[PDB]
């Protein structure tokens, strides 16, 4: 099955393929959107939060339409890369939109998305009226979308450093059960439901991943877009899916004892000089980091 074929497939058979072979759980932060906003919109007229929210809908829609069961989307934390909002008041406007805007509520309905929140936000959100309201809206959104069974969407708010949460949870579970919680139960406790390990993380810019505790594995395929997340097109998404599905786990494994001198030379040249190439090494233009290619 070739890449061009896969790009030529109608959406339905792609979603079938993904439902069979994964990725089942995908991590996708929306990074660099302030960059995107200053390049693709008019900051003098356009409303930042609405522009961003429209793109979040578009991308979530795209991911689910391609047959991805669960999306994990870090939204706000101390270690989020290229975050959507520098200051928490603006971030709280964004989160509120996530839990109250009619357009996105309609999206959750139309795509049967059940929406969960993870992280330390119940403690760490501002002890302000606004943060109280946001926490409330989160709880309400989890409730109002709880009849939706086709897709799971997990938003991460202070979704780094689960260690203390796991500890306290485990202590409680042991007190209430007489035995430690299994791994499964720990995951349910942190995310509100059981979620399988991530099959891919799609990042942007600097190679870095974050905010998906308990869900990371060496099997999680990692990608890093050159352009900020909201530049994501359906073709890009397909190149990533094709790579994860057919290329990252190609069979059969090569047998190097079976190789000709030529075959070893050919493979040696790829790895050997030239030279000492490492992906993730970059360069800086006008204060902006870009991976060298």
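Residue numbers count along the first chain shown, from 1.
242-250 or 264-272, whichever carries the higher mean Cα B-factor: Stretch with the greater average CA B-factor: 264-272.
With reference to the PDB entry, specify whether the mean Cα temperature factor is higher for 104-112 or for 121-129. Stretch with the greater average CA B-factor: 121-129.
Please pick out which of 45, 64, 224, 30 has the largest Cα B-factor as recorded in the entry. By C-alpha B-factor in the record, 45 ranks first.
From 18, 283, 25, 9, can you pick the one with the highest C-alpha B factor in the entry? Of the candidates given, the C-alpha B-factor peaks at 9.
Third of the chain, ranked by Cα B-factor, where residue 59 sits: For residue 59, whose C-alpha B-factor we compare with every modelled residue in the chain, the answer is the lowest third.
If you rank the chain by CA B-factor, which third does residue 230 end up in: lowest, middle or highest? Within its chain, residue 230 is a lowest-third residue by C-alpha B-factor, going by the deposited values.
What third of the chain, by the recorded C-alpha B-factor, contains residue 39? Residue 39: CA B-factor falls in the middle third of its chain.
Third assignment of residue 201 from its chain's C-alpha B-factors: Tercile = lowest for this residue's CA B-factor.
Using the B-factors in the PDB entry, rank residue 148's C-alpha atom against the chain and give the third, lowest, middle or highest. Tercile = highest for this residue's CA B-factor.
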